[PDB]
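The form deposited without the partner chain is given below as one chain in structure tokens.
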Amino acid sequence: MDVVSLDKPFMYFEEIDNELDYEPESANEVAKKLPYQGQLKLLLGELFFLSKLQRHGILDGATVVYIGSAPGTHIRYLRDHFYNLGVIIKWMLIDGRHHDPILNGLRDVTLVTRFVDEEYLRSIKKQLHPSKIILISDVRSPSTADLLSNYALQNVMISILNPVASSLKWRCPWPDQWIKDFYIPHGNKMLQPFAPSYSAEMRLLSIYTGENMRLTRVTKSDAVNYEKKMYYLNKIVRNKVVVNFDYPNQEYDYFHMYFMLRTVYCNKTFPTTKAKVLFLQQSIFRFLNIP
């Protein structure tokens, strides 16, 4: 077995302290070990993000605009969690595909069947005015060109929507498929527990202060670093059994998940953090119908 003692998990990309040459053969390796794992990946990252905002006092009274939201099953859980916490939030979920009917019939959530474009983004901005907007994006078209096209759209989402915070899908194009250097919003590169086995995808979390929009350039050399850093993490780190982690499941992803969940706010008072996390994970797995 691959056992080890770890103080804490890598929470952000910059924390990954090692790299490995990418082995293309790893693409034939099982990408998922859990059923509904995708929805789980999304629920943890999104719960983490919004909890951070709650912590900063900028969630209550906001309208969360989720683009690329369908089916969005896990969103129902997120909605219930803050709704039960007494937090006032309106959800506007936009996608051209149909949403899970469990999201239907809640006066606090509006489902929209539309593929967004710069034009539509301007109409929704005019219609949401003057509520504060929190943007979440999970759109997916992928070729490098598809990616650049998506990232280009996420930047327009922010310039037009002008949100107080944003969570964007972020995956650097592969270096051997480089096209042109580009810019992405500045934010923390939140690592995702339960992401596919060899995914290099992460979530870029940002809080906007003032009227400034800071961006950062990304070049092929960064793409090379992204590849090796994410390959070492997937191949090595995520395959670790944290023996000093006293929990029903000691695999890295559960260790990483514990750290995200311990930041979530509950109505129920617990004696320890282990008790709250166990509670949250239990609730989460039950909702997703995960064993």
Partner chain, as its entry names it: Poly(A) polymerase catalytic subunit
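Positions refer to the first chain, counted from 1.
Here the subject shifts to the form deposited with the partner chain bound, a form of this protein not shown in this document.
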(Q) Taking the partner chain as it sits in the deposited complex, is residue 34 in contact with it (heavy atom to heavy atom, 4.5 Å or less)? (A) no
Q: Examine residue 20 and determine whether its closest non-hydrogen atom to the partner chain in the deposited complex is within 4.5 angstroms.
A: no
Q.
Whether residue 150 contacts the partner chain in the deposited complex should be assessed with a 4.5 Å heavy atom distance threshold; does it?
A. no
(Q) Since only the chain is shown here, I'm wondering whether residue 208 would be in contact with the partner chain in the deposited complex (any heavy atom pair within 4.5 Å). (A) yes
Q | Stretch from 255 to 263, 65 to 73, 239 to 247, 34 to 42 whose residues place a heavy atom within 4.5 Å of the partner chain in the deposited complex | A | 255 to 263
Q: For the stretch 92 to 124, return the residues whose heavy atoms include at least one within 4.5 Å of the partner chain in the deposited complex, in the order they occur.
A: 104, 105, 106, 107
